[PDB]
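Colleague: I have a structure here, written as structure tokens, and I will follow up with some questions on it.
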Amino acid sequence: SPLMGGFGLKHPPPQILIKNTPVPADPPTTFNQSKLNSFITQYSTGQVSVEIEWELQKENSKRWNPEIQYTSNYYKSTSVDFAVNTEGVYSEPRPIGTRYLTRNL
Amino acid sequence: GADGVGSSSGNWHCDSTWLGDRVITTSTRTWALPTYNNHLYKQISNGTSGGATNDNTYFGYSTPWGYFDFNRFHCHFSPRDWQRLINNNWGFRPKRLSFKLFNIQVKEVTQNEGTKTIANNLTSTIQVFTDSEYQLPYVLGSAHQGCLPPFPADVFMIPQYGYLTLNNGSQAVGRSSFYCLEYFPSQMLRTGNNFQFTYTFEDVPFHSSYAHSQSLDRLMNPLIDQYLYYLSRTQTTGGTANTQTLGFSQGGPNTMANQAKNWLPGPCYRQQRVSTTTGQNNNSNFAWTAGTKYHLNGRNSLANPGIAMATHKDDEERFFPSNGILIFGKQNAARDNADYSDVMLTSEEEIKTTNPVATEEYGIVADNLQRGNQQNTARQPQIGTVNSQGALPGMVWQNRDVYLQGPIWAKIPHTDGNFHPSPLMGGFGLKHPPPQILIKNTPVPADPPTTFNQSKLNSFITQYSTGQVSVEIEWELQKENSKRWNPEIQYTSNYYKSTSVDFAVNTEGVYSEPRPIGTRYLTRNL
Amino acid sequence: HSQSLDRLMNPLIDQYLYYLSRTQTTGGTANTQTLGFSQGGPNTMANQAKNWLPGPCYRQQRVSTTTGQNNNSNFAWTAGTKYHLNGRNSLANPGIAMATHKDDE
């Protein structure tokens, strides 16, 4: 199991490699064996969508008292947590783990 | 489907698939094609008036077309694939090929003042055709630059097609032919079209991807004597006055040079010996005056590399025939007068077993008729040295080795006869080789005048084309079935540490091949 | 044939193979041994690497139709091109197929 946390996979999601095909500038009119090192400056744009399906494991607990949950602070503040500020910069104010519900050993 | 400006007409396919006795190499590159000769055919020639010697005269034509050349082995095999081939197989040969030309992009260049603009010309075409009937002069098989690069990430420029015909000095004769390539059916492609064709190699013998573990003069049993006799003595011994006699012996283990044998080494065309230690060579410029040449129509041509002969004998790796080996250049070597450290000499020492050494004679023959002093004056047997020797019955020989950087095939000239038509530079001699693919940018005229003029248009739009080219060859393998006990010799990388990886790019992105790699590593019995 | 055997090349492109073009330095007053290699191109086509060789040879004696150019002796048989069989000399007539003369001769 990875030491940074997560799912250790023998065959993980394969890495997707992407590149702009080179487009040469005008070559000389006399033949030259050297490889072409003059190209047209270029870049690409587009959209990428990734969809993951996760499987859940629901809790079946007989604990009587209420659990600990992750919650937003009710108090007033200058900005909303996990939202953009006045300059349009999105930020995450804190790290959020996943261990809130409880179990017996 | 639906071909247009916005859809791709091919996919990048560079790979190799080993399956049984087959290996299928596919390769894709990116090319650029300029406009050659200003869309003109031009008569080219070279005479002795300029200052050239009669050996270098020619008459021919320079065409505006370009051609595709994948006639080297590194166009199809990676260095690791070449290692899988030569370490495990006794022979190989090509079976069929596929060729594709896709993702065409024709671009136009404008040059107002000192500004250069490159824009798409969506309606321009390129023309492509293959010489499937072998009706044009075949210029593949002359070891010319302009191949598909060995490194798949390199972009290459397509070479210009030209040809030669008969000449008398710088002039032509009545039999000199002129060919217009526009006089052929050609396919026109806009940015949404692609081109493709397939080809099947004829039956050609496998390349000998092995060395011999026996030599021709050592096929005997080293324990048993022969029942045949040989003349071992013509003069008595021991006494003070020796007289003539006849004495015969049986060839055995201790006299194996005298034994009767069934075969002879291959033919010879002796070369001059040059040492890589310069201090050992003669102090004169003898590369051409002492070269090994052939004579054709009063024109001397170097026999380069010539017939397949062993480069050197045992313990003499520093010697090579003056023009009897293939010599490749290291990455970024000069075109003229490159130093010895800038080139990579090949070596055919693996065929010492059947082929004579290139710098040695073939053998010894008699010159006169020996006689005694019975009547006329006594005459001692005279011998002569055989420096050239054509085919004799009972000869056996090997061809020249193929290399990763070397050529693959050549076209066998259409003649009345030939002897062992295997190309002297190494490879597969084909009566009908892969046809040459010709390519050109269709001319696009600039604005013509508004009043009619009969003159042909000589003002065009500056243009060039780009695209991808994929070639896939299927090779047939000949697996080794050996009962040798000890391990073979294999090609291997050096384990030691180094500044760069061999057959990889350096810090500047330049790919290079550090050495030539032959194919004779496994062994066989004669 | 409209081509010759030593002219099957492309007259515009250089060869990638090298040939030994120099065995002695030049320029100086005392020239020493060296090794120099060049690529065969359009201007040096006699040095280019080639795949084939001309046919076999069995050299004959040259006779001119201008009698004044020939030697003043009766050499039709003494200088003939012959083969030897069982101690009998036979003229090799006409012999193997060879070009009668070169250009302009």
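Every chain in the structure tokens has a letter given in the order shown (A, B, ...), and although residue numbers restart at 1 in each chain, ligands are simply numbered from 1 in the order shown.
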Give me the residues near region 44-60 of chain C as a list in words, where near means some atom within 7 Å (using only C-alpha atoms) and where sequence neighbours in that chain fewer than 4 positions away do not count.

Modeller: residues 55, 56, 142, 300, 301, 302, 304, 305, 423, 424 and 425 of chain B; 40 and 81 of chain C

Colleague: Could you turn the residues from that selection into a file that holds C-alpha atoms, as a PDB file, in the first residue's frame?

Modeller:
ATOM      1  CA  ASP B  55      36.710   9.295 -65.177  1.00  0.00           C
ATOM      2  CA  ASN B  56      34.179  11.725 -63.652  1.00  0.00           C
ATOM      3  CA  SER B 142      23.590   3.663 -54.921  1.00  0.00           C
ATOM      4  CA  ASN B 300      38.434   4.032 -64.708  1.00  0.00           C
ATOM      5  CA  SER B 301      36.155   3.263 -61.785  1.00  0.00           C
ATOM      6  CA  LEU B 302      37.205   2.203 -58.321  1.00  0.00           C
ATOM      7  CA  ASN B 304      34.565  -0.185 -54.231  1.00  0.00           C
ATOM      8  CA  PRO B 305      34.036  -2.213 -52.173  1.00  0.00           C
ATOM      9  CA  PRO B 423      25.062  -6.541 -54.584  1.00  0.00           C
ATOM     10  CA  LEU B 424      28.697  -5.837 -53.828  1.00  0.00           C
ATOM     11  CA  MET B 425      27.781  -3.313 -51.132  1.00  0.00           C
TER      12      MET B 425
ATOM     13  CA  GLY C  40      31.492  10.086 -53.025  1.00  0.00           C
ATOM     14  CA  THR C  81      44.282 -14.229 -79.122  1.00  0.00           C
TER      15      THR C  81
END

Colleague: Counting only C-alpha atoms, give me one row per residue of chain B with an atom at most 10 Å from an atom of chain A, showing the shortest contact pair and its distance in Å to one decimal, sorted by chain then residue number, as JSON lines.

Modeller:
{"residue": "B:30", "atom": "CA", "partner": "A:22", "partner_atom": "CA", "distance": 7.9}
{"residue": "B:31", "atom": "CA", "partner": "A:24", "partner_atom": "CA", "distance": 8.4}
{"residue": "B:32", "atom": "CA", "partner": "A:24", "partner_atom": "CA", "distance": 6.8}
{"residue": "B:33", "atom": "CA", "partner": "A:27", "partner_atom": "CA", "distance": 7.3}
{"residue": "B:34", "atom": "CA", "partner": "A:29", "partner_atom": "CA", "distance": 5.7}
{"residue": "B:35", "atom": "CA", "partner": "A:29", "partner_atom": "CA", "distance": 6.2}
{"residue": "B:36", "atom": "CA", "partner": "A:29", "partner_atom": "CA", "distance": 5.8}
{"residue": "B:37", "atom": "CA", "partner": "A:29", "partner_atom": "CA", "distance": 7.6}
{"residue": "B:38", "atom": "CA", "partner": "A:29", "partner_atom": "CA", "distance": 8.7}
{"residue": "B:66", "atom": "CA", "partner": "A:31", "partner_atom": "CA", "distance": 9.8}
{"residue": "B:105", "atom": "CA", "partner": "A:23", "partner_atom": "CA", "distance": 9.0}
{"residue": "B:107", "atom": "CA", "partner": "A:26", "partner_atom": "CA", "distance": 8.4}
{"residue": "B:108", "atom": "CA", "partner": "A:26", "partner_atom": "CA", "distance": 8.7}
{"residue": "B:109", "atom": "CA", "partner": "A:26", "partner_atom": "CA", "distance": 7.5}
{"residue": "B:117", "atom": "CA", "partner": "A:25", "partner_atom": "CA", "distance": 10.0}
{"residue": "B:118", "atom": "CA", "partner": "A:25", "partner_atom": "CA", "distance": 7.7}
{"residue": "B:144", "atom": "CA", "partner": "A:33", "partner_atom": "CA", "distance": 9.9}
{"residue": "B:145", "atom": "CA", "partner": "A:33", "partner_atom": "CA", "distance": 6.3}
{"residue": "B:146", "atom": "CA", "partner": "A:33", "partner_atom": "CA", "distance": 5.8}
{"residue": "B:147", "atom": "CA", "partner": "A:33", "partner_atom": "CA", "distance": 8.5}
{"residue": "B:149", "atom": "CA", "partner": "A:35", "partner_atom": "CA", "distance": 8.2}
{"residue": "B:153", "atom": "CA", "partner": "A:22", "partner_atom": "CA", "distance": 9.4}
{"residue": "B:154", "atom": "CA", "partner": "A:35", "partner_atom": "CA", "distance": 6.1}
{"residue": "B:155", "atom": "CA", "partner": "A:36", "partner_atom": "CA", "distance": 5.5}
{"residue": "B:156", "atom": "CA", "partner": "A:35", "partner_atom": "CA", "distance": 5.2}
{"residue": "B:157", "atom": "CA", "partner": "A:32", "partner_atom": "CA", "distance": 7.0}
{"residue": "B:158", "atom": "CA", "partner": "A:31", "partner_atom": "CA", "distance": 7.4}
{"residue": "B:159", "atom": "CA", "partner": "A:31", "partner_atom": "CA", "distance": 5.6}
{"residue": "B:160", "atom": "CA", "partner": "A:31", "partner_atom": "CA", "distance": 6.6}
{"residue": "B:332", "atom": "CA", "partner": "A:34", "partner_atom": "CA", "distance": 9.1}
{"residue": "B:462", "atom": "CA", "partner": "A:26", "partner_atom": "CA", "distance": 9.4}
{"residue": "B:463", "atom": "CA", "partner": "A:26", "partner_atom": "CA", "distance": 7.8}
{"residue": "B:464", "atom": "CA", "partner": "A:26", "partner_atom": "CA", "distance": 6.3}
{"residue": "B:465", "atom": "CA", "partner": "A:26", "partner_atom": "CA", "distance": 8.5}
{"residue": "B:466", "atom": "CA", "partner": "A:23", "partner_atom": "CA", "distance": 7.2}
{"residue": "B:467", "atom": "CA", "partner": "A:23", "partner_atom": "CA", "distance": 8.5}
{"residue": "B:468", "atom": "CA", "partner": "A:21", "partner_atom": "CA", "distance": 9.8}
{"residue": "B:510", "atom": "CA", "partner": "A:35", "partner_atom": "CA", "distance": 9.5}

Colleague: Using only C-alpha atoms, determine which residues of chain C fall within 10 Å of chain A; present them as a list in words.

Modeller: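 That gives residues 12, 13, 14 and 16 of chain C for chain C.
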
Colleague: Restricted to C-alpha atoms, what would the selected residues look like written as a compact mmCIF listing (two decimals), in the first residue's frame?

Modeller:
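Dumped to again30.txt:
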# COMPACT_ATOMS: atom_id res chain seq x y z
CA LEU C 12 22.62 15.35 -57.28
CA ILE C 13 22.95 13.53 -53.95
CA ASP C 14 26.08 12.49 -52.10
CA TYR C 16 26.66 8.29 -47.09

Colleague: Taking only C-alpha atoms into account, find every residue of chain B that has an atom no more than 7 Å from chain C, and write it out as a PyMOL selection string.

Modeller: chain B and resi 55-56+139+142-145+162-166+168+175-177+278-279+281+283-287+297-298+300-302+304-305+322-323+326-329+335-340+423-425

Colleague: Find the residues near residue 428 (chain B): any atom within 10 Å, counting only C-alpha atoms, skip ones fewer than 4 places away on the same chain, and give them as a PyMOL selection string.

Modeller: chain B and resi 93-94+204-207+402+407-412+421-424+433

Colleague: Report the distance between CA of residue 112 (chain B) and CA of residue 41 (chain A) in Å, rounded to one decimal place.

Modeller: 19.8 Å

Colleague: Mind listing the strand (DSSP E) residues of region 14-92 of chain C, per DSSP on the backbone, as a VMD selection string?

Modeller: chain C and resid 18 to 24 33 to 39 82 to 85 88 to 91

Colleague: Output C-alpha atoms for every residue in that selection, as a PDB file, in the first residue's frame.

Modeller:
ATOM      1  CA  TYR C  18      33.134   7.017 -47.232  1.00  0.00           C
ATOM      2  CA  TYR C  19      36.195   6.081 -49.256  1.00  0.00           C
ATOM      3  CA  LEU C  20      39.896   6.534 -48.562  1.00  0.00           C
ATOM      4  CA  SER C  21      40.727   9.755 -50.400  1.00  0.00           C
ATOM      5  CA  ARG C  22      44.128  10.696 -48.960  1.00  0.00           C
ATOM      6  CA  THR C  23      47.122   8.863 -47.500  1.00  0.00           C
ATOM      7  CA  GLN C  24      49.520  11.814 -47.209  1.00  0.00           C
ATOM      8  CA  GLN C  33      51.501   9.850 -43.665  1.00  0.00           C
ATOM      9  CA  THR C  34      47.849  10.336 -42.769  1.00  0.00           C
ATOM     10  CA  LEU C  35      44.420   8.829 -43.374  1.00  0.00           C
ATOM     11  CA  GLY C  36      41.709  10.922 -44.992  1.00  0.00           C
ATOM     12  CA  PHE C  37      38.220   9.876 -45.996  1.00  0.00           C
ATOM     13  CA  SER C  38      35.607  11.512 -48.208  1.00  0.00           C
ATOM     14  CA  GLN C  39      32.059  10.877 -49.366  1.00  0.00           C
ATOM     15  CA  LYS C  82      44.264 -18.000 -78.868  1.00  0.00           C
ATOM     16  CA  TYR C  83      43.307 -20.891 -76.637  1.00  0.00           C
ATOM     17  CA  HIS C  84      45.304 -24.062 -76.067  1.00  0.00           C
ATOM     18  CA  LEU C  85      43.723 -27.515 -76.292  1.00  0.00           C
ATOM     19  CA  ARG C  88      46.909 -27.407 -80.417  1.00  0.00           C
ATOM     20  CA  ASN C  89      46.487 -23.644 -80.686  1.00  0.00           C
ATOM     21  CA  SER C  90      43.120 -22.334 -81.816  1.00  0.00           C
ATOM     22  CA  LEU C  91      42.191 -18.731 -82.434  1.00  0.00           C
TER      23      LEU C  91
END

Colleague: How many Å separate CA of residue 508 (chain B) from CA of residue 345 (chain B)?

Modeller: 26.1 Å

Colleague: Mind listing the helix (DSSP H, G or I) residues of region 275-487 of chain B, per DSSP on the backbone, as a count of residues only?

Modeller: 9

Colleague: Please provide the set of residues having any atom within 7 Å of region 348-354 of chain B, restricted to only C-alpha atoms, with same-chain residues fewer than 4 positions apart removed, written as a ChimeraX atom specification.

Modeller: /B:211-212,214-216,265-266,310-313,396-398,401

Colleague: Output the selection as a PDB file, in the first residue's frame - N, CA and C atoms for each residue.

Modeller:
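Writing the result to again_37.pdb gives the following:
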ATOM      1  N   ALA B 211      28.728 -16.766 -38.748  1.00  0.00           N
ATOM      2  CA  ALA B 211      30.094 -17.044 -39.148  1.00  0.00           C
ATOM      3  C   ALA B 211      30.295 -18.551 -39.179  1.00  0.00           C
ATOM      4  N   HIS B 212      31.301 -18.992 -39.917  1.00  0.00           N
ATOM      5  CA  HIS B 212      31.611 -20.410 -39.985  1.00  0.00           C
ATOM      6  C   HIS B 212      32.542 -20.780 -38.841  1.00  0.00           C
ATOM      7  N   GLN B 214      34.127 -23.714 -38.870  1.00  0.00           N
ATOM      8  CA  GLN B 214      35.213 -24.435 -39.509  1.00  0.00           C
ATOM      9  C   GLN B 214      35.779 -23.597 -40.644  1.00  0.00           C
ATOM     10  N   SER B 215      36.998 -23.921 -41.046  1.00  0.00           N
ATOM     11  CA  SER B 215      37.592 -23.324 -42.229  1.00  0.00           C
ATOM     12  C   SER B 215      37.645 -24.366 -43.338  1.00  0.00           C
ATOM     13  N   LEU B 216      37.790 -23.884 -44.571  1.00  0.00           N
ATOM     14  CA  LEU B 216      37.691 -24.766 -45.730  1.00  0.00           C
ATOM     15  C   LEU B 216      38.836 -25.762 -45.794  1.00  0.00           C
ATOM     16  N   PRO B 265      38.759 -21.962 -52.213  1.00  0.00           N
ATOM     17  CA  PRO B 265      38.239 -20.677 -51.739  1.00  0.00           C
ATOM     18  C   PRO B 265      37.631 -19.862 -52.869  1.00  0.00           C
ATOM     19  N   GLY B 266      36.825 -18.872 -52.482  1.00  0.00           N
ATOM     20  CA  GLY B 266      36.125 -18.056 -53.431  1.00  0.00           C
ATOM     21  C   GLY B 266      37.062 -17.197 -54.261  1.00  0.00           C
ATOM     22  N   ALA B 310      37.862 -11.463 -47.254  1.00  0.00           N
ATOM     23  CA  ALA B 310      38.199 -11.224 -45.860  1.00  0.00           C
ATOM     24  C   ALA B 310      39.056  -9.971 -45.736  1.00  0.00           C
ATOM     25  N   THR B 311      38.748  -9.154 -44.732  1.00  0.00           N
ATOM     26  CA  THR B 311      39.433  -7.875 -44.580  1.00  0.00           C
ATOM     27  C   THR B 311      40.903  -8.075 -44.239  1.00  0.00           C
ATOM     28  N   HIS B 312      41.193  -8.995 -43.325  1.00  0.00           N
ATOM     29  CA  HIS B 312      42.551  -9.246 -42.875  1.00  0.00           C
ATOM     30  C   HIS B 312      42.628 -10.687 -42.401  1.00  0.00           C
ATOM     31  N   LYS B 313      43.847 -11.164 -42.180  1.00  0.00           N
ATOM     32  CA  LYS B 313      44.022 -12.499 -41.632  1.00  0.00           C
ATOM     33  C   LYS B 313      44.132 -12.400 -40.113  1.00  0.00           C
ATOM     34  N   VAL B 396      33.711 -22.112 -53.211  1.00  0.00           N
ATOM     35  CA  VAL B 396      32.659 -21.725 -52.284  1.00  0.00           C
ATOM     36  C   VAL B 396      33.057 -20.394 -51.668  1.00  0.00           C
ATOM     37  N   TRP B 397      32.061 -19.571 -51.364  1.00  0.00           N
ATOM     38  CA  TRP B 397      32.326 -18.254 -50.807  1.00  0.00           C
ATOM     39  C   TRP B 397      31.087 -17.745 -50.092  1.00  0.00           C
ATOM     40  N   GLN B 398      31.298 -16.744 -49.246  1.00  0.00           N
ATOM     41  CA  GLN B 398      30.238 -16.018 -48.566  1.00  0.00           C
ATOM     42  C   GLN B 398      30.080 -14.632 -49.176  1.00  0.00           C
ATOM     43  N   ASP B 401      28.754  -8.900 -45.427  1.00  0.00           N
ATOM     44  CA  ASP B 401      27.806  -8.733 -44.337  1.00  0.00           C
ATOM     45  C   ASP B 401      26.953  -7.484 -44.536  1.00  0.00           C
TER      46      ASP B 401
END

Colleague: Please compute the CA of residue 77 (chain B)-CA of residue 404 (chain B) distance, one decimal, in Å.

Modeller: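 Calculated distance between CA of residue 77 (chain B) and CA of residue 404 (chain B) is 7.6 Å.
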
Colleague: List as a list in words the protein and nucleic acid residues near residue 78 (chain B), meaning an atom at most 10 Å away when only C-alpha atoms are counted, but skip any in the same chain fewer than 6 places from it.

Modeller: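 Those residues are residues 15, 16, 25, 27, 84, 150, 151, 152, 404 and 503 of chain B.
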
Colleague: Generate the output file for the selected residues, N, CA and C atoms, as a PDB file, in the first residue's frame.

Modeller:
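To be explicit, this is the file written out as out11.pdb:
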ATOM      1  N   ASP B  15       6.690   0.588 -34.661  1.00  0.00           N
ATOM      2  CA  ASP B  15       6.579  -0.590 -33.807  1.00  0.00           C
ATOM      3  C   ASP B  15       7.389  -1.722 -34.438  1.00  0.00           C
ATOM      4  N   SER B  16       7.411  -2.868 -33.759  1.00  0.00           N
ATOM      5  CA  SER B  16       7.978  -4.089 -34.319  1.00  0.00           C
ATOM      6  C   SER B  16       7.355  -5.277 -33.607  1.00  0.00           C
ATOM      7  N   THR B  25       8.427  -4.982 -38.994  1.00  0.00           N
ATOM      8  CA  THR B  25       8.879  -3.675 -38.550  1.00  0.00           C
ATOM      9  C   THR B  25       8.046  -2.609 -39.242  1.00  0.00           C
ATOM     10  N   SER B  27       7.431   1.742 -39.325  1.00  0.00           N
ATOM     11  CA  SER B  27       8.170   2.952 -39.014  1.00  0.00           C
ATOM     12  C   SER B  27       7.430   4.145 -39.593  1.00  0.00           C
ATOM     13  N   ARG B  84      18.119  -8.314 -31.217  1.00  0.00           N
ATOM     14  CA  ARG B  84      17.283  -9.508 -31.212  1.00  0.00           C
ATOM     15  C   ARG B  84      17.452 -10.314 -32.489  1.00  0.00           C
ATOM     16  N   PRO B 150      17.213   7.236 -38.741  1.00  0.00           N
ATOM     17  CA  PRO B 150      17.138   6.109 -37.805  1.00  0.00           C
ATOM     18  C   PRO B 150      16.355   6.431 -36.544  1.00  0.00           C
ATOM     19  N   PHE B 151      16.389   7.673 -36.073  1.00  0.00           N
ATOM     20  CA  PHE B 151      15.692   8.053 -34.853  1.00  0.00           C
ATOM     21  C   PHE B 151      14.290   8.532 -35.207  1.00  0.00           C
ATOM     22  N   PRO B 152      13.233   7.910 -34.679  1.00  0.00           N
ATOM     23  CA  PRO B 152      11.874   8.257 -35.124  1.00  0.00           C
ATOM     24  C   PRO B 152      11.466   9.694 -34.871  1.00  0.00           C
ATOM     25  N   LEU B 404      23.601  -2.434 -39.704  1.00  0.00           N
ATOM     26  CA  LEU B 404      22.453  -1.639 -39.284  1.00  0.00           C
ATOM     27  C   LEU B 404      22.372  -0.333 -40.065  1.00  0.00           C
ATOM     28  N   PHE B 503      23.709   4.635 -28.736  1.00  0.00           N
ATOM     29  CA  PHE B 503      22.473   4.622 -29.518  1.00  0.00           C
ATOM     30  C   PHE B 503      21.361   5.378 -28.793  1.00  0.00           C
TER      31      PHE B 503
END

Colleague: If you count only C-alpha atoms, which residues fall within 9 Å of residue 133 (chain B), apart from same-chain ones fewer than 2 positions away, as a count of residues only?

Modeller: 6

Colleague: Could you name the residues that touch residue 4 (chain B) at 10 Å or less, counting only C-alpha atoms, but leaving out those on the same chain fewer than 4 positions away, as a list in words?

Modeller: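 Close residues of residue 4 (chain B): residues 8, 9, 122, 190, 191, 192 and 193 of chain B.
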
Colleague: For the selection you just gave me, I'd like the residues written to a file as a tab-separated table (two decimals), in the first residue's frame, keeping N, CA, C and O atoms.

Modeller:
chain	number	residue	atom	x	y	z
B	8	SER	N	-7.98	13.86	-39.60
B	8	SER	CA	-6.67	13.27	-39.82
B	8	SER	C	-6.80	12.08	-40.76
B	8	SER	O	-7.78	11.33	-40.70
B	9	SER	N	-5.83	11.92	-41.65
B	9	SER	CA	-5.88	10.87	-42.65
B	9	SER	C	-4.93	9.72	-42.35
B	9	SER	O	-4.74	8.85	-43.20
B	122	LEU	N	-4.88	25.51	-48.55
B	122	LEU	CA	-5.75	24.34	-48.39
B	122	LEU	C	-6.11	23.69	-49.71
B	122	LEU	O	-6.50	22.52	-49.72
B	190	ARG	N	-4.80	16.60	-52.03
B	190	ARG	CA	-4.95	17.80	-51.24
B	190	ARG	C	-4.74	17.45	-49.77
B	190	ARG	O	-4.45	16.31	-49.42
B	191	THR	N	-4.92	18.44	-48.89
B	191	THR	CA	-4.62	18.25	-47.48
B	191	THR	C	-5.47	17.17	-46.82
B	191	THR	O	-5.13	16.74	-45.71
B	192	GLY	N	-6.52	16.70	-47.46
B	192	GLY	CA	-7.36	15.69	-46.86
B	192	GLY	C	-7.19	14.30	-47.44
B	192	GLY	O	-7.84	13.36	-46.98
B	193	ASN	N	-6.32	14.14	-48.43
B	193	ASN	CA	-6.13	12.85	-49.07
B	193	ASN	C	-4.90	12.14	-48.51
B	193	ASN	O	-4.03	12.76	-47.89
